[PDB]
Amino acid sequence: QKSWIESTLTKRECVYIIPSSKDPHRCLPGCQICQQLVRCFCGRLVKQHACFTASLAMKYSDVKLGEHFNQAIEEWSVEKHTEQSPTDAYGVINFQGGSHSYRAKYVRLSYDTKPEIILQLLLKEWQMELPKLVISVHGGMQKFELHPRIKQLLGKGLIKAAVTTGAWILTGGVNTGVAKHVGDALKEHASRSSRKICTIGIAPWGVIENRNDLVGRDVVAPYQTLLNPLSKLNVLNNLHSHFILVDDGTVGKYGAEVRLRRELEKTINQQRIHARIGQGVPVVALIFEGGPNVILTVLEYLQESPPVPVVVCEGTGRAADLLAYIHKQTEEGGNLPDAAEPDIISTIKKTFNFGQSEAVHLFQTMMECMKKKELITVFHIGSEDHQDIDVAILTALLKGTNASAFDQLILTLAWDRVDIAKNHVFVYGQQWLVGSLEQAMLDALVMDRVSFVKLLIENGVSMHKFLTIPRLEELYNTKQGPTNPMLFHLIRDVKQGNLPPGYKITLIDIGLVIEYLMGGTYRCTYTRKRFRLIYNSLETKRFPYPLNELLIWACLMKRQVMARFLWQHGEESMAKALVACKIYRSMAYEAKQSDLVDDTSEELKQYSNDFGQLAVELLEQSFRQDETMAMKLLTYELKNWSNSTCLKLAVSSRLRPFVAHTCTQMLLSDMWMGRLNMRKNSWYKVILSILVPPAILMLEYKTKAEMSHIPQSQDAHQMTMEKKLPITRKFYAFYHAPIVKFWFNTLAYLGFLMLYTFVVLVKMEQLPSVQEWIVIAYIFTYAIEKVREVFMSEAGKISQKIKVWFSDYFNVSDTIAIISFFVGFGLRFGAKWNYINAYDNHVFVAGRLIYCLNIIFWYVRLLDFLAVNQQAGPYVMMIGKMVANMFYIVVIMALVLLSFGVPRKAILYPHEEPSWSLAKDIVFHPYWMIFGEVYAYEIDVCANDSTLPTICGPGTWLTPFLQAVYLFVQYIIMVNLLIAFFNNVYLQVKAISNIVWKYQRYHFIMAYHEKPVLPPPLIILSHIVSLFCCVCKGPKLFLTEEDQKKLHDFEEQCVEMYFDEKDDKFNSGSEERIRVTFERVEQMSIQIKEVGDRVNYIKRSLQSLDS
Amino acid sequence: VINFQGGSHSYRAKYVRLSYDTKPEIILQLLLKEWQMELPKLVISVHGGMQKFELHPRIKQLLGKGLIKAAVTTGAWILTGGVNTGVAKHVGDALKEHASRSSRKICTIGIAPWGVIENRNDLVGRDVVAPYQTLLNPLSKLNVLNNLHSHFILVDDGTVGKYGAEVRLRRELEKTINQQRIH
Ligand SMILES: CCCCCCCC/C=C/CCCCCCCC(=O)O[C@@H](COC(=O)CCCCCCCCCCCCCCC)COP(=O)([O-])OCC[N+](C)(C)C
Ligand SMILES: CCCCCCCC/C=C/CCCCCCCC(=O)O[C@@H](COC(=O)CCCCCCCCCCCCCCC)COP(=O)([O-])OCC[N+](C)(C)C
Ligand SMILES: CCCCCCCC/C=C/CCCCCCCC(=O)O[C@@H](COC(=O)CCCCCCCCCCCCCCC)COP(=O)([O-])OCC[N+](C)(C)C
Ligand SMILES: CCCCCCCC/C=C/CCCCCCCC(=O)O[C@@H](COC(=O)CCCCCCCCCCCCCCC)COP(=O)([O-])OCC[N+](C)(C)C
Ligand SMILES: CCCCCCCC/C=C/CCCCCCCC(=O)O[C@@H](COC(=O)CCCCCCCCCCCCCCC)COP(=O)([O-])OCC[N+](C)(C)C
Ligand SMILES: CCCCCCCC/C=C\CCCCCCCC(=O)O[C@@H](COC(=O)CCCCCCCCCCCCCCC)COP(=O)([O-])OCC[N+](C)(C)C
Ligand SMILES: CCCCCCCC/C=C\CCCCCCCC(=O)O[C@@H](COC(=O)CCCCCCCCCCCCCCC)COP(=O)([O-])OCC[N+](C)(C)C
Ligand SMILES: CCCCCCCC/C=C\CCCCCCCC(=O)O[C@@H](COC(=O)CCCCCCCCCCCCCCC)COP(=O)([O-])OCC[N+](C)(C)C
Ligand SMILES: CCCCCCCC/C=C\CCCCCCCC(=O)O[C@@H](COC(=O)CCCCCCCCCCCCCCC)COP(=O)([O-])OCC[N+](C)(C)C
Ligand SMILES: CCCCCCCC/C=C\CCCCCCCC(=O)O[C@@H](COC(=O)CCCCCCCCCCCCCCC)COP(=O)([O-])OCC[N+](C)(C)C
Ligand SMILES: CCCCCCCC/C=C\CCCCCCCC(=O)O[C@@H](COC(=O)CCCCCCCCCCCCCCC)COP(=O)([O-])OCC[N+](C)(C)C
Ligand SMILES: C[C@@H]1CC[C@@]2(OC1)O[C@H]1C[C@H]3[C@@H]4CC=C5C[C@@H](OCCC(CO)CO)CC[C@]5(C)[C@H]4CC[C@]3(C)[C@H]1[C@@H]2C
Ligand SMILES: Oc1ccc2c3c1O[C@H]1c4oc5ccccc5c4C[C@@]4(O)[C@@H](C2)N(CC2CC2)CC[C@]314
């Protein structure tokens, strides 16, 4: 029937009508007054039942003929004579808008609803979250009027208890008594926190007004909140979210829900608070201004398994304050103080007039409520006692119901409340079991509870003894937390597609993910021989560096707040940040290349740039402390990250601000020098020493101690271990310096162009000249070296070597230049000569003309040599970026060109056959007009000074007007638009070009450590040796053990200085000092007004003691 | 190194395990040259009662702050009992509140015995960076070292138990510093 409520829930009607006690009121003609006023013992009168069965019985006189044997008059029970029926009510009970819209729900169910059915209602149907706290408020109806001061504290404490725990608040529902003060607390401090606060009012379907207006199946009914003057009944409170309405008889009969509300508390406390915690949901009882039936409710909570605790307030003044006074004058669980019962029972009867007879009956309840003091928490207002009742609500669930501190701690873990756990669980004197704090850590890591991981580490948990292999197997294999939906896609990409449905993840599989993300020759510690054998066997079952293992975990599970926390703890801070920058970057690249409805690539790319910024800020901190030791931090092997290097990790991430940072640029500048001391040399001297080999020995070099921060080769280190440096060592130092390899290739390249310019300008005979064979020998041997750069570069995959190398500009240009040369040399050399006149062989012409065009590639390649300079380099990279940026302005200039050329050719040349010359003529002249050529005497072809007098004809007077418009658009609009484009894009392209230039000095300078000594006409001598030693049989930074110790102390010290100066800059800013002033002046305003009230309590005794 | 299991930070420290009959010139030669320590300008030998406990919160801030600003502004050594019972628990919690990585200037030297200390056999080793736990052992009653010290001097007369051998040697250390020139 498209209604889950109708198949399960229940209305119920009083179908069998028993009249009232004896008496109809007045009005002698008795036959009419038995219908007009006589109520049913149901409670409603006889004309409102309508009783489809007994409607045929009311016509006789009524149901059930007369006197009915007085024992049988009482016989109406709601079980026997009150018949059940389907729904009649559910929908939205939207209150008339005050501050906001304020929707809510209702059900109208029976009394005999089973406890499993009512639990099934709240969770599944109404889409509510299973809570972590139930605050059942209880007090007295209709009494009223807290003070203004106490209204703020009890109001604020009830909210911050519920929004920080995600609690249900069970109220009476109706606006009398408690719920008026519960909702006014919601009026003050809402902050739209009804998403987290779910106040559930359990009222009856009785004393509520406008019950017949709520009649309806799936009806969004409006409901008014106007205080009805003539009436005395109660309305619902506007700031509730859900209503449960129970009817036993009818309007009046003010109790049916006391059992059902209490049975609801039993069902929640039997449900698990979380899918990892065996403890059940706690229930607390808050007591405002109370009553006579309240005392039976408080005692019914304490006498139960489990013993639900009770929180009692004071200051309101009723039975609430009786429980405050009775609990106060009482020590631990003995009978009484001195005999002051005439003072107690007198105080009981001033609340409600009992009169010494059953006021004694209240005292047996007051002596059982002073008995269980441990489960009673009184909140004394006026001495800031126990600090904001939300502490005292949550503390009351820890003092009584004796359980382990583990049970106290894991309860706070579900609430996500550390200030209760720090100040009331980790107190002095608390004794802990051996494995309890470890089980708390395992729960807190899965549940993404960062501030508890911080608390458990400070209170004794060691991650070294904690983080085992099977436990870290679990941390990946949880769905009981915020998981990454991307990790399972990464695992199937490295296991070739096999996916069983259960599939507990192994660490052999995670390592294959890390090696896939880090790329290159990265080898994780999971996929090596030592780990696989001890993984088969299952101390050695622990990890040496646990916080390296969890930092990867937090990144792969996309738990950034956990990752930032686990980064600060442990060693190798700048390295872990660069690894994390790479791991998120690779997952961001996999996210785009994957068919998911949730991209989450911009989230990972932001996370990659956060750790990248941390790496730069640690390098800046290390560079300010000591320049030389910071350059060592860039190049020492890490021994926990696949023997990699902080440069190699940042270059792998393409993290430009690290490579462009002034520390790496000093290191790159010093690797360029080699063992030459180019601070006290000159570039004149390096070039001179290439041409004059004996001039090498007059050059100042660097000592072994001036090179401890520079990585070297293995055999280059052997040269340094031994004015030092005898003769044959100084030749190795010179010719293997990258600066020398450069000029020794540059001078050979300039001599190459001088020859290849000579070849192409001078007449070519049949056989090549001596100059031309030197050219061929260069480009051939130059091509071999380019083949060697491809094969022997970085990445094991041969096709991946290809994709990197064709990504640079001049490497693609070299490929076209090398191929087209031998196409040209082939046509040139391998052609049948004529012997009568050259250039009657069109194959030889085509070969020569390729030389004339191929030489452009080799002059533009001088920009490639010019880009080594600090000033010229950024401009060369700038030219390319400006061409790409101005493309669409130039396209517009090309359409304006064709808009003019086509009509000019059409008007001036009306008698043309189809020819490809027409394509030339519509483009040619209008293009040269952009560049200054007006063609002054071809304008106005019918003039006397015209150089085209035969073109004069019909309508050629239009073309001067066309060309006037053309050049206005080209120079005056489009050329000046293009000047303006470059001006206003200059600074941000010059800036980008500086960083790109500085980034790519790494790949440039680290290439010259691997290039041979000898330039590309003579390099073939070096390729023979390279094949000789390979068939027959990069740089590292060496450190002794006392220099690794001094370096690790430097890395640790500079990280400590980083977080201290970061905290000192935040605490000393103007923004933070104003607000801490703001928060203290707020508290001082509270105290002085409250001390100002105490000193007014002093002057009452001044008038007394003056008397 | 007797590196404590990381709480707030790494918190390294040293130890020696020496005798009772060490000559006063030898113990002075130990602290300065070998452990690369600076000769101080103040020695604050704290003394109190073991295992008693629990200062108030208000008095914990003033006595905590005053002991640090005495030591960081003078470059002082603080001589404690070393073990976590009694005084050194309150000396180190002063270091927890107002550290500001000022262990570069603060050199708290704990002189404990090699007796009542737990995990003494785990510290057995020539040039060994040994790990050391700070877990409150429930069944036990013995004392652990305090994590926020920097140097430990450990004197054994008999064995575990026998709670006094260092009272003479700690006092003879104070004689050697007061015979050295402050500058
Ligand atoms: C004697 C006279 C005869 C010849 C004179 C005429 C000479 C003509 C003038 C030519 C201009 C010369 C300079 C070229 C600059 C190219 C820029 C570049 O590198 O772009 C990209 C090439 O990315 C690649 O993957 C390229 C792969 C193959 C090589 C490209 C050949 C282009 C041919 C040119 C066509 C003309 C050739 C016609 C002539 C034969 C760089 O990569 P990316 O953009 O960073 O993205 C890479 C990553 N990705 C792989 C994931 C996408
Ligand atoms: C990492 C990437 C960068 C590296 C790239 C490196 C690879 C570069 C690849 C280069 C290869 C390019 C093609 C070669 C020429 C063939 C095309 C052609 O037009 O041939 C002509 C010459 O035909 C001949 O038989 C004579 C050729 C003599 C040898 C020179 C070409 C090969 C050299 C290559 C050395 C390169 C090796 C470099 C070292 C590895 C055919 O026409 P014809 O015969 O003239 O005319 C016939 C009619 N008639 C007789 C009536 C006139
Ligand atoms: C200074 C350069 C111009 C000079 C020529 C040499 C060019 C040198 C290289 C330039 C780099 C290219 C820049 C980006 C464009 C990529 C390719 C492309 O065409 O894309 C566009 C399609 O194209 C069109 O919509 C128009 C096609 C007409 C081109 C005709 C050339 C006329 C100019 C010739 C000169 C006549 C001179 C007469 C006047 C003096 C669309 O863009 P896209 O594909 O979506 O990509 C854009 C950016 N994105 C990747 C972020 C989306
Ligand atoms: C924007 C709109 C433009 C129009 C679009 C339509 C284009 C249609 C193109 C058509 C060209 C083919 C038709 C002609 C056939 C060859 C014969 C010939 O004319 O030879 C002539 C030269 O010219 C040539 O040899 C041809 C020129 C080829 C380049 C054309 C560029 C086209 C595309 C752009 C590529 C640019 C590169 C960049 C690309 C990225 C030789 O003869 P002559 O010079 O008359 O001299 C006579 C005297 N003689 C006997 C002594 C020699
Ligand atoms: C890469 C970025 C994209 C660039 C954009 C596209 C580039 C433009 C592409 C244009 C296409 C090429 C046009 C020529 C067509 C073929 C010519 C031919 O067949 O014969 C002609 C050969 O003449 C030539 O070969 C020279 C061609 C003129 C030079 C063009 C310079 C570019 C100017 C524009 C640059 C900006 C263009 C703005 C765009 C609107 C001669 O005719 P014939 O019949 O062989 O002989 C006649 C005999 N007679 C000579 C003795 C009288
Ligand atoms: C690949 C890299 C090599 C490295 C470079 C050094 C090695 C190269 C060195 C020398 C090789 C020269 C070839 C040997 C034959 C000598 C004859 C000769 O040249 O006679 C000519 C004189 O011309 C000259 O003296 C120079 C001619 C080339 C111009 C550039 C010279 C400087 C290049 C290198 C130094 C600059 C370095 C700049 C940077 C510091 C006279 O002309 P012809 O020859 O009678 O007539 C030509 C007609 N034919 C062609 C049709 C036959
Ligand atoms: C057939 C096609 C061969 C394949 C082409 C494809 C590329 C092949 C690879 C490379 C190109 C060839 C290598 C150079 C040798 C040239 C040979 C030659 O003919 O020399 C001639 C002169 O030559 C000279 O006097 C100098 C020649 C080379 C000088 C440069 C190399 C020195 C540097 C170190 C590097 C060493 C070289 C590097 C090697 C990689 C002698 O020949 P000839 O006939 O007696 O006389 C010439 C004309 N005559 C008869 C009118 C007088
Ligand atoms: C991957 C690289 C691929 C390279 C492919 C290799 C291409 C090889 C292509 C062609 C081979 C040419 C050999 C001859 C073929 C038959 C014609 C013939 O014999 O002679 C005719 C030649 O006519 C011409 O036009 C010759 C030039 C053609 C090549 C054009 C440049 C291509 C390279 C672009 C630049 C490189 C860019 C590449 C950069 C990537 C006419 O001459 P003849 O007959 O001797 O007699 C005179 C006239 N008679 C007959 C009237 C008397
Ligand atoms: C046999 C006779 C032998 C000598 C003759 C040949 C002389 C030598 C060859 C050429 C001229 C260079 C001489 C000046 C060098 C200055 C040093 C310098 O600072 O270099 C910078 C650029 O280094 C370069 O190499 C820039 C490019 C020049 C070589 C290639 C020719 C392109 C430019 C010209 C083409 C034609 C131009 C148009 C006009 C025709 C690099 O240094 P930096 O960043 O400034 O920082 C200084 C510290 N550092 C050096 C440690 C890095
Ligand atoms: C038909 C008539 C034509 C009409 C006119 C129109 C046609 C003429 C138009 C354009 C011609 C200009 C060509 C250069 C354009 C490069 C653009 C580029 O992408 O550069 C790239 C590098 O490239 C450089 O840094 C270029 C360096 C070499 C200079 C170019 C040669 C010009 C000089 C010789 C000329 C001498 C003249 C005589 C010879 C004939 C940079 O690319 P990017 O955008 O920064 O991308 C981001 C970085 N990334 C690459 C790593 C991914
Ligand atoms: C409109 C703006 C204000 C201007 C006001 C003043 C001007 C009034 C407006 C327009 C004037 C049009 C007529 C003038 C020609 C008189 C001379 C003549 O004969 O010329 C030629 C013909 O010329 C023609 O046959 C005219 C062609 C039609 C032009 C279409 C509109 C042009 C302007 C665009 C639209 C306008 C809007 C444009 C947007 C601003 C010569 O040919 P012929 O006769 O054979 O000569 C003998 C040749 N023979 C000896 C070689 C054999
Ligand atoms: C959007 C833009 C509109 C303008 C435009 O670009 C695109 O549209 C293009 C189409 C081109 C024509 C296509 C076909 C031919 C036929 C050919 O027939 C051989 C004849 C003879 C050779 O001698 C046989 O022997 C001669 C050339 C011609 C007319 C082209 C001329 C240029 C034109 C007009 C181009 C022009 C730049
Ligand atoms: O930062 C770099 C600093 C210096 C150099 C490079 C850098 O990056 C490269 C790059 O990229 C460019 C993009 C656009 C325009 C020019 C370039 C260049 C130029 C270059 O090709 C070049 C010099 N050498 C070879 C040449 C022998 C010197 C190789 C490396 C190279």
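As the structure lists them, so they are numbered: ligands from 1, and atoms in each ligand from 1. Letters A, B, ... mirror the listed sequences (proteins, then strands); counts begin at 1. Below, each value reflects all heavy atoms present in this structure, side chains not excepted, and no hydrogens, waters or symmetry copies.
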Aromatic ring proximity [X]/[Y], centre distance under 6.0 Å:
{"X": "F1004(A)", "Y": "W997(A)", "value": "no"}
{"X": "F982(A)", "Y": "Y986(A)", "value": "no"}
{"X": "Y778(A)", "Y": "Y756(A)", "value": "no"}
{"X": "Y935(A)", "Y": "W928(A)", "value": "no"}

Protein contact of [atom] - nearest heavy atom, named by residue and atom, plus distance:
{"atom": "atom 39 (C) of ligand 8", "value": "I819(A) CG2, 4.0 Å"}
{"atom": "atom 31 (C) of ligand 8", "value": "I850(A) CD1, 4.1 Å"}
{"atom": "atom 20 (O) of ligand 11", "value": "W957(A) NE1, 3.4 Å"}
{"atom": "atom 43 (P) of ligand 8", "value": "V843(A) CG2, 4.2 Å"}
{"atom": "atom 27 (C) of ligand 8", "value": "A846(A) CB, 3.4 Å"}
{"atom": "atom 37 (C) of ligand 8", "value": "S820(A) CB, 4.0 Å"}
{"atom": "atom 29 (C) of ligand 8", "value": "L827(A) CD1, 3.9 Å"}
{"atom": "atom 32 (C) of ligand 11", "value": "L958(A) CD2, 4.0 Å"}

- Run the numbers for me: atoms of ligand 8, each under 4.0 Å from some heavy atom of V823(A), listed by number.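 Numbered from 1, ligand 8 contributes 4 (C), 6 (C), 33 (C), 36 (C).
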- Item | Residue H842(A) vicinity, atoms of ligand 8 by number, heavy atom under 4.0 Å |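 Here the atoms of ligand 8 in question are 41 (C), 42 (O), 47 (C), 48 (C).
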- Item | Within 45° cone and under 6.0 Å: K905(A) NZ/CZ vs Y909(A) ring |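 The answer is yes, since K905(A) meets both limits relative to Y909(A).
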- If you count the non-hydrogen atoms of other residues, nucleotides and ligands that lie under 6.0 Å from CD in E933(A), is the total more than 12?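 Buried by this count: over 12 neighbours within 6.0 Å.
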- Message: Quick check on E794(A): does its CD atom have over 12 non-hydrogen neighbours (other residues, nucleotides or ligands) under 6.0 Å away?
- Response: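 No - once you tally the heavy atoms of other residues, nucleotides and ligands closer than 6.0 Å, there are 12 at most.
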- Task: Give the single entry among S917(A), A894(A), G901(A), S899(A) that approaches atom 44 (O) of ligand 5 most closely by any heavy atom.
- Result: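 Residue with the shortest heavy-atom distance to the ligand atom: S917(A).
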- Query: Which option out of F924(A), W916(A), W928(A) puts a heavy atom nearest to atom 15 (C) of ligand 5?
  - Reply: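 Considering heavy atoms of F924(A), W916(A), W928(A), the nearest to atom 15 (C) of ligand 5 sits in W916(A).
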- Item | Min N/O separation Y927(A) to ligand 5 under 3.5 Å |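 Not met; the criterion fails.
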Closer than 4.0 Å: a protein non-hydrogen atom to [atom]:
{"atom": "atom 41 (C) of ligand 11", "result": "yes"}
{"atom": "atom 23 (O) of ligand 11", "result": "yes"}
{"atom": "atom 4 (C) of ligand 5", "result": "no"}
{"atom": "atom 47 (C) of ligand 8", "result": "yes"}
{"atom": "atom 14 (C) of ligand 11", "result": "yes"}
{"atom": "atom 51 (C) of ligand 11", "result": "yes"}

State the [atom1]-[atom2] distance between [X] and [Y], to the nearest 0.5 angstrom.
{"X": "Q963(A)", "Y": "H925(A)", "atom1": "CD", "atom2": "NE2", "value": "10.0 Å"}
{"X": "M877(A)", "Y": "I879(A)", "atom1": "CE", "atom2": "CD1", "value": "11.5 Å"}
{"X": "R828(A)", "Y": "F822(A)", "atom1": "CZ", "atom2": "CZ", "value": "13.5 Å"}

- Relative to the ring of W773(A), is the ring of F829(A) parallel (under 30°), tilted (30 to 60°) or perpendicular (over 60°)?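 Geometry flag for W773(A) against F829(A): perpendicular rings.
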Out of all atoms in ligand 11, which are within 4.0 Å of some heavy atom of [X]? Include the element for each.
{"X": "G955(A)", "answer": "21 (C), 41 (C), 42 (O)"}
{"X": "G953(A)", "answer": "51 (C)"}
{"X": "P954(A)", "answer": "41 (C), 42 (O), 45 (O)"}

- Side chains of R1001(A) and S669(A): do they bring a donor and an acceptor to under 3.5 Å?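 Looking only at side-chain atoms, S669(A) and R1001(A) do form a donor-acceptor pair, the distance falling under 3.5 Å.
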- Task: Kindly say whether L655(A) contributes a backbone atom to a donor-acceptor pair with the side chain of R585(A) at under 3.5 angstrom?
- Result: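 Not confirmed, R585(A) side chain does not pair with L655(A) backbone.
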- Query: Which atoms of ligand 5 sit under 4.0 Å from any heavy atom of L898(A)?
  - Reply: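 The list of qualifying atoms is 40 (C).
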- Item | Ligand-residue contact atoms, ligand 5 with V923(A), heavy atoms, under 4.0 Å |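 Result: 34 (C), 37 (C).
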- Over all heavy atoms of both residues, which pair between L750(A) and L862(A) is shortest? Give the atoms and the distance, please.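 Scanning both residues, the minimum pair turns out to be CD2-CD2, 3.7 Å.
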